[PDB]
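Novice: Please see the structure below; I have some questions.
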Amino acid sequence: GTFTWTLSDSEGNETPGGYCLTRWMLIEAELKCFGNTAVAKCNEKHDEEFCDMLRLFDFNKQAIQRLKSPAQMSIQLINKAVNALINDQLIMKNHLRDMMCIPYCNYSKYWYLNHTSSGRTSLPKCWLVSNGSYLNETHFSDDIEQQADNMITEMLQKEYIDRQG
Amino acid sequence: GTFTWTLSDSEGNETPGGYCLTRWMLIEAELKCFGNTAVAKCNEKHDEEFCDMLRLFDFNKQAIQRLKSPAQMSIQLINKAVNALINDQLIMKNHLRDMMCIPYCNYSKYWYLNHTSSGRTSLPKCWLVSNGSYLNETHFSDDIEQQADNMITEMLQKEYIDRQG
Amino acid sequence: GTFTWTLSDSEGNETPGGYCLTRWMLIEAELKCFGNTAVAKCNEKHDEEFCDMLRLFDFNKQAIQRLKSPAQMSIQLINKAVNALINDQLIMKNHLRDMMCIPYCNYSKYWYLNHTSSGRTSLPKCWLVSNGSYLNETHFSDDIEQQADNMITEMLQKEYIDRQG
Amino acid sequence: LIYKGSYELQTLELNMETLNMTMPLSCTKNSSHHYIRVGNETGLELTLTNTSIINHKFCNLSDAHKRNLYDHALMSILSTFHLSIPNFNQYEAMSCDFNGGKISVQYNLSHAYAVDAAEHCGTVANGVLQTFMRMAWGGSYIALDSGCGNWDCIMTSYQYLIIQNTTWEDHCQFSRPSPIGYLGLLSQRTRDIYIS
Amino acid sequence: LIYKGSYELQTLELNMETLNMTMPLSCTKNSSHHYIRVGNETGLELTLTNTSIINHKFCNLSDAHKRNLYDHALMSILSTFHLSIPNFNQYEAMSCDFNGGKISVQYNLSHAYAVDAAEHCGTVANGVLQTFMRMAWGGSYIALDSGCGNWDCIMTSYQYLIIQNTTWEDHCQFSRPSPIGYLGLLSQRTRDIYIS
Amino acid sequence: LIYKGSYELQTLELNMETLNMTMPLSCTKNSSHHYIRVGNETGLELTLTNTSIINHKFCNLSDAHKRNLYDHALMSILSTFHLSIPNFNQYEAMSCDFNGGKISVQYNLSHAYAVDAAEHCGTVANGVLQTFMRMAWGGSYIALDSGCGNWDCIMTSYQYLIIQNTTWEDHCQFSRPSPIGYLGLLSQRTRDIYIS
Ligand SMILES: *[C@@H]1O[C@H](CO)[C@@H](O[C@@H]2O[C@H](CO)[C@@H](O[C@@H]3O[C@H](CO[C@H]4O[C@H](CO)[C@@H](O)[C@H](O[C@H]5O[C@H](CO)[C@@H](O)[C@H](O)[C@@H]5O)[C@@H]4O)[C@@H](O)[C@H](O[C@H]4O[C@H](CO)[C@@H](O)[C@H](O)[C@@H]4O[C@H]4O[C@H](CO)[C@@H](O)[C@H](O)[C@@H]4O)[C@@H]3O)[C@H](O)[C@H]2NC(C)=O)[C@H](O)[C@H]1NC(C)=O
Ligand SMILES: *[C@@H]1O[C@H](CO)[C@@H](O[C@@H]2O[C@H](CO)[C@@H](O[C@@H]3O[C@H](CO[C@H]4O[C@H](CO)[C@@H](O)[C@H](O[C@H]5O[C@H](CO)[C@@H](O)[C@H](O)[C@@H]5O)[C@@H]4O)[C@@H](O)[C@H](O[C@H]4O[C@H](CO)[C@@H](O)[C@H](O)[C@@H]4O[C@H]4O[C@H](CO)[C@@H](O)[C@H](O)[C@@H]4O)[C@@H]3O)[C@H](O)[C@H]2NC(C)=O)[C@H](O)[C@H]1NC(C)=O
Ligand SMILES: *[C@@H]1O[C@H](CO)[C@@H](O[C@@H]2O[C@H](CO)[C@@H](O[C@@H]3O[C@H](CO[C@H]4O[C@H](CO)[C@@H](O)[C@H](O[C@H]5O[C@H](CO)[C@@H](O)[C@H](O)[C@@H]5O)[C@@H]4O)[C@@H](O)[C@H](O[C@H]4O[C@H](CO)[C@@H](O)[C@H](O)[C@@H]4O[C@H]4O[C@H](CO)[C@@H](O)[C@H](O)[C@@H]4O)[C@@H]3O)[C@H](O)[C@H]2NC(C)=O)[C@H](O)[C@H]1NC(C)=O
Ligand SMILES: *[C@@H]1O[C@H](CO)[C@@H](O[C@@H]2O[C@H](CO)[C@@H](O[C@@H]3O[C@H](CO[C@H]4O[C@H](CO)[C@@H](O)[C@H](O)[C@@H]4O)[C@@H](O)[C@H](O[C@H]4O[C@H](CO)[C@@H](O)[C@H](O)[C@@H]4O)[C@@H]3O)[C@H](O)[C@H]2NC(C)=O)[C@H](O)[C@H]1NC(C)=O
Ligand SMILES: *[C@@H]1O[C@H](CO)[C@@H](O[C@@H]2O[C@H](CO)[C@@H](O[C@@H]3O[C@H](CO[C@H]4O[C@H](CO)[C@@H](O)[C@H](O)[C@@H]4O)[C@@H](O)[C@H](O[C@H]4O[C@H](CO)[C@@H](O)[C@H](O)[C@@H]4O)[C@@H]3O)[C@H](O)[C@H]2NC(C)=O)[C@H](O)[C@H]1NC(C)=O
Ligand SMILES: *[C@@H]1O[C@H](CO)[C@@H](O[C@@H]2O[C@H](CO)[C@@H](O[C@@H]3O[C@H](CO)[C@@H](O)[C@H](O)[C@@H]3O)[C@H](O)[C@H]2NC(C)=O)[C@H](O)[C@H]1NC(C)=O
Ligand SMILES: *[C@@H]1O[C@H](CO)[C@@H](O[C@@H]2O[C@H](CO)[C@@H](O[C@@H]3O[C@H](CO)[C@@H](O)[C@H](O)[C@@H]3O)[C@H](O)[C@H]2NC(C)=O)[C@H](O)[C@H]1NC(C)=O
Ligand SMILES: *[C@@H]1O[C@H](CO)[C@@H](O[C@@H]2O[C@H](CO)[C@@H](O[C@@H]3O[C@H](CO)[C@@H](O)[C@H](O)[C@@H]3O)[C@H](O)[C@H]2NC(C)=O)[C@H](O)[C@H]1NC(C)=O
Ligand SMILES: *[C@@H]1O[C@H](CO)[C@@H](O[C@@H]2O[C@H](CO)[C@@H](O[C@@H]3O[C@H](CO)[C@@H](O)[C@H](O)[C@@H]3O)[C@H](O)[C@H]2NC(C)=O)[C@H](O)[C@H]1NC(C)=O
Ligand SMILES: *[C@@H]1O[C@H](CO)[C@@H](O[C@@H]2O[C@H](CO)[C@@H](O[C@@H]3O[C@H](CO)[C@@H](O)[C@H](O)[C@@H]3O)[C@H](O)[C@H]2NC(C)=O)[C@H](O)[C@H]1NC(C)=O
Ligand SMILES: *[C@@H]1O[C@H](CO)[C@@H](O[C@@H]2O[C@H](CO)[C@@H](O[C@@H]3O[C@H](CO)[C@@H](O)[C@H](O)[C@@H]3O)[C@H](O)[C@H]2NC(C)=O)[C@H](O)[C@H]1NC(C)=O
Ligand SMILES: *[C@@H]1O[C@H](CO)[C@@H](O[C@@H]2O[C@H](CO)[C@@H](O)[C@H](O)[C@H]2NC(C)=O)[C@H](O)[C@H]1NC(C)=O
């Protein structure tokens, strides 16, 4: 149902859509919900840090609700499950970038664009770090601008074909 | 030619299109042919159980027609070939689902939608099992409905741009 | 910025677009530049021989400009970096094809279509070899024709929606 | 049956036996008898029993290799199986005897009087059953006393797992043949060892 | 803040502690103290020091396994760490003592008077630091004297790496908890050995 | 030349030599001489011959490591090669002598009077040639007597494979340099062993 990534194991969704992040998934800011349109990108996209974190969080939930019986200590499940949960290629890319003084993703912080005129949001991208800290918003300006263009493009394409028939 | 997945090794196709499944590939029901449009999805889609079975079947055919010379016992070829034939990530997902009492794909049965007004068919999806048997059609109703919508959408998009110029 | 494949590590691009191949990357023919539209296909496409070579070349450049300090002999970096640079599945496909007398890619030569009316070029595809030599242009005629159709299709789709609003 | 408009739900079931000349195929006859086809003529029988057949512990593996009288396909499969058993150091649990190149392998599991326990998670019996579950995946589920465990604390009533070379006789009445069990084991193998 | 039209840049930061019951989480307190949570109650402490605590070289690994008094999660982590240390043949550099199943492991690194050198690239000290860097990735960067080296010729001022079992006390003041270090090590492990 | 409308078929050929400072590059001079560049100045020569140079079987590998007089890049490559040779237990087939850190390795293959046979499939000679085929892939095809075999029963007229350290002299007249052979071996290595 909608998603094919790990979430699909038990249909998931949580709400009608957006695979909402609860208040214990986030540090502060209570709840955040995305659109199915953006979350669903993880159905096809393999090499994305945000999507991998979603896969791990959903796994953790499923592994607590279900299969809670093995002495409540199945901490070893992950030793095999990991092959089906994350893209280790991304981890390697981030290690290589670290070695070369190239800003890299440490997986804690993400940014996204929020269309204030609709509530439509992009899939989050990793906020990168370099030399012990986060990069400024002036960096990424090309990437932020491209994500804004991409959101505009999708809105237009949807109306061209589906609004107009 | 058309396909880029394993089939492409020797062009394949079999017929002008649809990469037809012969009577010995299926249990009963003689022959089944799909459209190039659906089969071609396996060119890009990596994590799909049906596509992996097609990759293995085509491999088996090629490994019999060609390279039949090594004492007719090259049963060990697969020990290396497998890395290029299937997505073992899918296997892990199905093992995890089994452990958690989550319906899982055991790779024997697939379902698809057939548009009776055209003969256009979807790429097959795995019929899931749980608690020793197959799930009822009332389950998957969300997935079946989504595949029907997807087929409708593709038909419309094709006409909007290619029929109308 | 534009690319998400290895090049993105340091933004790259080289020029406003096309990730130009310099005169030392090519054997003869000085410089060649592609369009961002084609190069960007490597952002999503994993199993393509041309894209893997681009990933290795960009890595080599980054590993010389940066991190040139470790006694200028970090020839061992690749032993780990490779996991994030190439698709070894492709290598296996080409080894299997070799064993079976199926034309295979040996990664040295590529072909592409160049629209002489615009300068728009396709992403290069591997020129295959068989029985010690390159295949003739009469082979691949189906693949060359399909790439020409694909270029035509993209030009049309772009105008249908973006030229016309 | 008909979704939205005229989309009819249709099905297909695959015949994986035509893959027997390229891939081994696992299937299940009943809860104590599981099989692997390793080619067009022969295969392996995997039996869960209460009767041992090997009453010694020599397991003459290196001599089987020096003599080279065994079928290589069968040996490759045995290696894959063994290598994948996690944390196996307890060699006293394994015994084999390749007499004349014949394959006969026995795993003696400590299926203790675990009437009500979740202690037998860290043991050999569990490590061997885990590999078994994967090799006979799709039919192996009826071999266990328990249901949806994490396969990291599973038990059965049987004490021995015996693997022997057989003649293929289509003993697949419970579950259909499939290459997945083996292929899914080849992909990972030796990823559970302890050195520290 | 606002891009193009009305696209506002928004952020989220993840709380990875809720993953502690399924995955180990690494974090950093300061440059000489790094930690791994291995469950809801316990974990490992990794200290970079100038003081040894183990003054022998027995490293009784096989006996720890025969006795089986150690926590298995902690042992699996130690194995992963050790197996991933590239080219480790220099066993005299490692000493451990699992007294009563307690975990205490010490790696003695030859951090020689390398005032100005790039010789200590091919050594043990580098192999051990490489594994360390990955396990505490994201906080490990402050543990080294150098900056963006290739992690294949890195040095620190400390001579010993000591790994011990602890009680979890949320010692993550420098870098937040994350499962990535460990998961990124599990994926590769034993890919750096020499036999020729 | 022109497809559909005005799409002209164009080509490019890559110069992979510019990758020599980051990756080893394999190439072929002729059927009995294959080379690996392992850096800007040096490399390995791989010769298929009928003349042995090592007349003993000590293969002093552990002493080469204790002395540490060898180039590390060259040793890493030798390890990768060796580890990838499937089912290699027949150590009497291998001999090496790292005198002064010099690299000289010889594999003695049982290329018996196989005038008409498909028996030499399960042997050492085949296991060594398989690794060779991959390392010199793209030029290695002329090294064999046979054509499109499955590389799991291939033979040559030569009896020894000798690998030695050399000075790079651009000996690539038959096939161009390429990093693929090595990278494609690193990705898999030790996936063919027998324990059962
Ligand atoms: C994914 O999961 C699904 C869901 O579980 C699995 O699906 C199952 O797969 C099995 C294996 O193929 C199917 O079993 C078959 O069922 C046939 C019908 O059985 C019923 O009708 C017959 C009528 O004669 C009765 O006799 C049967 O009762 C007897 O057998 C059952 C067996 O379980 C016993 O429990 C009973 O006590 C009885 O003894 C049932 O009422 C059945 O005919 C078929 O057996 C023949 O074929 C097999 C395999 O070839 C032979 O080994 C066996 O000896 C039989 O062969 C003789 O008869 C045929 C007749 O056509 C001749 O052609 C032969 O030459 C020979 O003389 C088998 O038992 C099961 O139905 C199916 N379940 C569902 C819900 O669909 C998938 O396998 C799984 N996929 C993977 C990869 O794991
Ligand atoms: C990806 O990279 C980024 C970029 O580097 C990393 O981001 C960093 O992550 C760390 C770890 O979470 C953040 O540290 C936190 O900073 C808080 C604010 O510190 C400043 O203000 C306080 C005001 O009270 C001052 O006291 C601080 O000064 C003191 O502490 C610093 C610590 O480095 C010392 O250097 C100074 O000398 C002082 O001693 C600063 O001026 C800080 O409050 C917080 O510490 C609390 O929380 C941690 C973790 O829970 C506890 O271990 C610690 O003991 C503190 O807990 C007490 O106080 C809280 C108050 O809310 C109570 O709730 C508790 O119960 C308890 O009483 C911590 O140090 C850092 O700011 C952040 N950097 C940036 C630029 O964002 C990411 O981690 C990295 N991701 C990964 C996965 O690696
Ligand atoms: C993917 O598959 C394809 C298909 O097989 C492979 O493609 C082949 O790759 C090789 C290697 O690069 C190409 O070989 C080159 O061919 C040149 C032309 O040869 C012919 O013309 C010359 C004219 O002078 C004749 O002399 C030649 O005859 C002699 O050489 C051949 C060699 O095989 C012998 O068999 C004959 O008996 C003769 O002795 C041919 O008629 C050739 O000039 C070139 O050799 C120079 O360059 C190499 C490499 O740098 C040097 O090692 C060599 O010593 C030569 O260098 C001298 O001359 C040059 C002149 O420019 C100077 O600049 C130098 O400084 C020096 O003085 C080489 O032999 C082959 O043509 C090509 N095949 C096809 C169909 O395209 C791909 O490699 C493969 N990819 C991968 C990664 O494996
Ligand atoms: C284990 O795996 C093997 C490999 O897949 C399976 O063997 C295949 O079985 C099919 C079905 O029986 C074979 O296909 C049929 O072959 C008949 C014989 O002719 C072929 O073989 C001879 C050599 O013996 C060649 O000289 C000749 O050119 C052919 O290649 C054909 O007569 C059949 O076609 C006719 O009859 C069928 C009905 O049976 C009709 O539907 C056709 O339209 C036509 O009239 C057909 O082609 C296939 O060749 C076998 N492969 C091999 C390598 O031998 C095993 O069956 C499988 N085990 C199990 C239990 O399934
Ligand atoms: C290490 O990892 C574990 C696993 O993720 C984390 O533990 C979870 O913590 C959250 C937050 O405290 C728990 O969620 C809350 O549980 C409260 C208790 O009721 C539950 O548990 C009892 C059994 O003890 C069940 O019978 C009952 O049905 C519930 O499942 C609820 O009362 C909470 O909801 C109410 O309060 C919150 C505010 O706290 C409001 O926002 C809600 O709207 C509502 O009014 C809430 O559901 C979760 O259950 C814990 N999981 C487990 C398995 O125990 C640890 O926190 C983590 N370590 C760290 C440092 O983060
Ligand atoms: C399991 O494998 C063993 C082999 O390890 C099978 O038993 C034995 O198989 C060999 C052939 O590999 C038979 O050899 C025969 O010898 C006679 C001469 O005496 C020769 O004329 C024949 O052509 C053949 O070479 C051997 O006799 C046979 N053992 C017995 C007691 O018959 C065993 O059958 C396999 N198990 C199953 C269930 O198939
Ligand atoms: C499979 O493993 C089990 C253990 O898990 C083996 O059973 C054990 O066998 C020993 C003897 O070797 C028993 O100890 C003592 O034996 C003497 C007889 O020599 C007897 O007089 C004593 O009273 C005592 O029983 C031990 O108790 C027994 N364990 C259990 C739980 O019964 C079994 O033999 C192994 N099977 C094979 C084929 O190796
Ligand atoms: C690191 O691990 C060791 C265990 O290897 C921890 O020390 C010892 O832990 C055991 C429990 O595993 C304690 O056993 C206790 O024995 C009494 C009877 O004397 C019993 O009533 C208790 O219920 C429990 O079984 C043992 O006393 C304890 N050792 C000491 C000296 O207290 C050690 O604490 C761990 N390190 C950290 C920092 O947590
Ligand atoms: C960690 O490894 C270092 C070496 O990298 C060890 O230090 C070395 O210890 C030896 C003695 O075992 C010193 O050699 C000689 O010792 C005698 C005393 O028995 C003394 O009279 C001589 O003058 C000489 O020092 C050696 O010099 C010393 N190396 C250095 C660089 O100081 C260290 O003991 C190891 N630590 C642990 C806990 O194992
Ligand atoms: C294959 O590798 C060996 C090294 O294992 C090369 O031969 C020897 O190389 C060493 C340098 O690694 C030469 O050492 C020299 O010693 C003199 C003092 O006598 C010193 O002044 C020089 O600066 C240098 O350190 C050694 O002489 C040389 N052996 C011979 C007989 O010349 C061998 O050349 C390599 N093979 C090829 C084909 O390049
Ligand atoms: C490479 O391996 C081959 C075997 O595949 C070695 O050839 C074999 O050498 C043995 C002697 O070690 C020959 O056996 C006997 O030797 C005595 C002389 O001591 C002679 O009087 C006997 O008549 C008999 O030949 C054996 O026949 C021979 N095998 C073949 C097929 O010729 C070869 O020496 C090895 N090369 C290296 C460098 O190790
Ligand atoms: C497991 O996690 C729970 C919280 O989910 C921990 O609960 C705390 O227990 C102490 C007593 O030991 C109380 O003082 C705290 O108030 C509890 N915390 C909360 C949020 O309620 C528990 O200690 C953890 N460890 C174990 C072994 O259960």
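Note on naming: chains are A, B, ... as they come in the structure tokens, residues start from 1 per chain, ligands start from 1 in the order shown.
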DSSP on the backbone, then: every residue of chain C marked helix (DSSP H, G or I), written as a PyMOL selection string.
Specialist: chain C and resi 6-10+36-43+49-65+78-84+88-99+141-163
Novice: Step by step, measure atom-to-atom distances between ligand 5 and each residue using only C-alpha atoms and all ligand atoms, keep those at most 7 Å, then write them as an mmCIF file with C-alpha atoms, in the first residue's frame.
Specialist:
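selection.cif, freshly written:
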```cif
data_model
loop_
_atom_site.group_PDB
_atom_site.id
_atom_site.type_symbol
_atom_site.label_atom_id
_atom_site.label_comp_id
_atom_site.auth_asym_id
_atom_site.auth_seq_id
_atom_site.Cartn_x
_atom_site.Cartn_y
_atom_site.Cartn_z
ATOM 1 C CA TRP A 24 10.106 10.771 19.815
ATOM 2 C CA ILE A 64 9.269 -3.960 18.992
ATOM 3 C CA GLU E 17 18.162 7.191 20.811
ATOM 4 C CA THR E 18 14.840 5.595 20.187
ATOM 5 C CA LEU E 19 16.699 3.020 18.173
ATOM 6 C CA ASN E 20 18.764 1.774 21.294
ATOM 7 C CA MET E 21 16.686 -1.489 21.695
ATOM 8 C CA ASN E 40 18.654 0.000 27.045
#
```
Novice: Could you check the closest approach to residue 26 of chain D for each of D:159, D:142, D:134, D:112 and tell me which residue wins, using only C-alpha atoms?
Specialist: D:134
Novice: Could you jot down the atom 32 (C, counted along the ligand's line) of ligand 1 to atom CA of residue 10 of chain D separation for me, Å, one decimal place?
Specialist: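 About the pair atom 32 (C, counted along the ligand's line) of ligand 1 and atom CA of residue 10 of chain D: they are 25.4 Å apart.
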Novice: At a cut-off of 8 Å, which residues of chain C touch chain E? Count only C-alpha atoms and give the answer as a compact mmCIF listing (two decimals) with C-alpha atoms, in the first residue's frame.
Specialist:
```txt
# COMPACT_ATOMS: atom_id res chain seq x y z
CA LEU C 67 44.45 14.34 0.28
CA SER C 69 49.61 14.33 1.64
CA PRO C 70 49.86 10.52 2.59
CA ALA C 71 53.36 10.04 1.11
CA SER C 74 47.57 6.11 -1.32
CA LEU C 77 42.55 3.80 -0.83
```
Novice: Please, which residues of chain D, numbered as in this document, come out strand (DSSP E) from DSSP, as an MDAnalysis selection string?
Specialist: chainID D and resid 2:3 7:13 25:30 33:37 42:49 94:96 104:108 160:167 175:178
Novice: Using only C-alpha atoms, please write the residues we just selected to a file, as a compact mmCIF listing (two decimals), in the first residue's frame.
Specialist:
```txt
# COMPACT_ATOMS: atom_id res chain seq x y z
CA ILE D 2 -12.60 -6.66 -11.65
CA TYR D 3 -10.93 -3.61 -10.42
CA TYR D 7 -8.84 -4.78 -14.95
CA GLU D 8 -9.16 -8.43 -14.18
CA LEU D 9 -7.04 -10.06 -11.56
CA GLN D 10 -5.04 -12.88 -13.13
CA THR D 11 -2.44 -15.22 -11.76
CA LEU D 12 0.51 -17.32 -12.69
CA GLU D 13 2.44 -19.91 -10.76
CA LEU D 25 16.26 -26.71 -5.80
CA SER D 26 14.99 -27.19 -2.29
CA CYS D 27 11.56 -28.73 -1.43
CA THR D 28 9.73 -30.41 1.45
CA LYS D 29 8.03 -33.76 1.67
CA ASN D 30 6.82 -33.53 5.32
CA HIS D 33 12.02 -34.91 5.43
CA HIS D 34 13.38 -32.13 3.30
CA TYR D 35 15.25 -32.43 0.00
CA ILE D 36 17.69 -30.65 -2.32
CA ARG D 37 17.89 -31.50 -6.00
CA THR D 42 20.80 -36.65 -7.78
CA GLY D 43 20.38 -34.65 -4.61
CA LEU D 44 20.55 -34.50 -0.83
CA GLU D 45 18.14 -35.72 1.80
CA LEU D 46 17.86 -33.81 5.04
CA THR D 47 16.23 -35.66 7.86
CA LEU D 48 15.19 -34.58 11.30
CA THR D 49 15.35 -37.61 13.47
CA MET D 94 29.34 -32.45 14.08
CA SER D 95 30.29 -35.80 12.78
CA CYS D 96 30.67 -37.00 9.18
CA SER D 104 26.78 -38.67 5.26
CA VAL D 105 26.81 -35.80 7.73
CA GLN D 106 25.23 -35.67 11.17
CA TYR D 107 24.64 -32.75 13.45
CA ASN D 108 23.87 -33.75 17.10
CA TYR D 160 19.65 -34.94 14.95
CA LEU D 161 19.97 -33.38 11.54
CA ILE D 162 21.22 -35.86 9.05
CA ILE D 163 22.29 -34.94 5.56
CA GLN D 164 22.89 -37.68 3.02
CA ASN D 165 23.39 -38.13 -0.77
CA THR D 166 20.27 -39.53 -2.52
CA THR D 167 18.74 -40.23 -5.90
CA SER D 175 6.19 -27.43 -0.78
CA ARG D 176 7.24 -26.78 -4.38
CA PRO D 177 10.89 -26.71 -5.54
CA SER D 178 12.73 -23.44 -5.32
```
Novice: Using only C-alpha atoms, which residues of chain E come within 8 Å of chain D, and what is the closest atom pair for each, with the distance in Å to one decimal? Give it as CSV, sorted by chain and residue number.
Specialist:
```
residue,atom,partner,partner_atom,distance
E:61,CA,D:195,CA,7.3
E:75,CA,D:196,CA,7.3
E:76,CA,D:194,CA,6.5
E:78,CA,D:196,CA,4.9
E:79,CA,D:196,CA,4.0
E:80,CA,D:196,CA,7.3
E:81,CA,D:196,CA,7.1
E:82,CA,D:196,CA,5.0
E:83,CA,D:195,CA,6.9
```
Novice: Save out the residues we just selected, N, CA and C atoms, as a PDB file, in the first residue's frame.
Specialist:
```pdb
ATOM      1  N   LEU E  61      40.803 -15.632  25.002  1.00  0.00           N
ATOM      2  CA  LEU E  61      39.628 -15.605  24.125  1.00  0.00           C
ATOM      3  C   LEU E  61      38.900 -16.935  24.016  1.00  0.00           C
ATOM      4  N   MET E  75      30.080  -9.221  23.168  1.00  0.00           N
ATOM      5  CA  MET E  75      31.082  -9.998  22.470  1.00  0.00           C
ATOM      6  C   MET E  75      30.964  -9.875  20.967  1.00  0.00           C
ATOM      7  N   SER E  76      29.744  -9.772  20.442  1.00  0.00           N
ATOM      8  CA  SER E  76      29.592  -9.650  19.007  1.00  0.00           C
ATOM      9  C   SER E  76      30.199  -8.363  18.525  1.00  0.00           C
ATOM     10  N   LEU E  78      32.693  -6.751  19.991  1.00  0.00           N
ATOM     11  CA  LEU E  78      34.140  -6.846  20.051  1.00  0.00           C
ATOM     12  C   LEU E  78      34.674  -7.615  18.877  1.00  0.00           C
ATOM     13  N   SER E  79      33.969  -8.669  18.475  1.00  0.00           N
ATOM     14  CA  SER E  79      34.420  -9.441  17.345  1.00  0.00           C
ATOM     15  C   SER E  79      34.419  -8.582  16.107  1.00  0.00           C
ATOM     16  N   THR E  80      33.337  -7.840  15.888  1.00  0.00           N
ATOM     17  CA  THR E  80      33.248  -7.030  14.690  1.00  0.00           C
ATOM     18  C   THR E  80      34.399  -6.052  14.652  1.00  0.00           C
ATOM     19  N   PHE E  81      34.670  -5.421  15.790  1.00  0.00           N
ATOM     20  CA  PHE E  81      35.738  -4.460  15.849  1.00  0.00           C
ATOM     21  C   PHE E  81      37.039  -5.106  15.463  1.00  0.00           C
ATOM     22  N   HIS E  82      37.363  -6.220  16.103  1.00  0.00           N
ATOM     23  CA  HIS E  82      38.641  -6.857  15.889  1.00  0.00           C
ATOM     24  C   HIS E  82      38.833  -7.352  14.472  1.00  0.00           C
ATOM     25  N   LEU E  83      37.818  -7.988  13.923  1.00  0.00           N
ATOM     26  CA  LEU E  83      37.891  -8.572  12.601  1.00  0.00           C
ATOM     27  C   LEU E  83      38.139  -7.535  11.542  1.00  0.00           C
TER      28      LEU E  83
END
```
Novice: Please identify all residues of chain A having at least one atom at most 10 Å from any atom of chain C, considering only C-alpha atoms, and return them as number ranges by chain.
Specialist: A: 44-48, 88-97, 99-104, 140-146, 153, 156-157, 160-161
Novice: Throw together the list of residues within 7 Å of ligand 11, counting only C-alpha atoms and all ligand atoms, and drop it here as a PDB file with C-alpha atoms, in the first residue's frame.
Specialist:
```pdb
ATOM      1  CA  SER F  52      60.571 -22.850 -13.399  1.00  0.00           C
ATOM      2  CA  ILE F  54      61.944 -21.584  -8.007  1.00  0.00           C
ATOM      3  CA  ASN F  55      63.172 -25.113  -7.324  1.00  0.00           C
ATOM      4  CA  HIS F  56      62.063 -25.400  -3.722  1.00  0.00           C
ATOM      5  CA  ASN F 108      53.297 -24.964 -10.803  1.00  0.00           C
ATOM      6  CA  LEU F 109      50.202 -26.220 -12.656  1.00  0.00           C
ATOM      7  CA  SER F 110      49.538 -29.823 -13.570  1.00  0.00           C
ATOM      8  CA  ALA F 112      49.139 -32.898 -18.015  1.00  0.00           C
TER       9      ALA F 112
END
```
Novice: Atom CA of residue 116 of chain F and atom 17 (C, counted along the ligand's line) of ligand 6, how far apart in Å?
Specialist: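 So the answer is 25.4 Å.
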Novice: Quick one: distance from atom CA of residue 21 of chain A to atom CA of residue 108 of chain A in Å, one decimal?
Specialist: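 Computed distance, atom CA of residue 21 of chain A to atom CA of residue 108 of chain A, equals 14.5 Å.
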Novice: Find the residue from E:124, E:14, E:185, E:85 that sits nearest to ligand 2; use only C-alpha atoms and all ligand atoms when measuring.
Specialist: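 Ranked by minimum distance to ligand 2, first place goes to E:14.
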Novice: Determine the nearest neighbour of residue 135 of chain F from the options F:32, F:50, F:68, F:84, counting only C-alpha atoms.
Specialist: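 For residue 135 of chain F, the nearest of the given residues is F:84.
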Novice: Near residue 73 of chain E, within 8 Å and counting only C-alpha atoms, which residues show up once chain neighbours fewer than 5 positions away are dropped, as a PDB file with C-alpha atoms, in the first residue's frame?
Specialist:
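What ended up in part-v6.pdb:
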```pdb
ATOM      1  CA  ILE A  75      19.848  -6.845  19.480  1.00  0.00           C
ATOM      2  CA  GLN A  76      21.607  -9.287  17.165  1.00  0.00           C
TER       3      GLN A  76
ATOM      4  CA  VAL E  38      24.422  -1.764  23.259  1.00  0.00           C
TER       5      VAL E  38
END
```
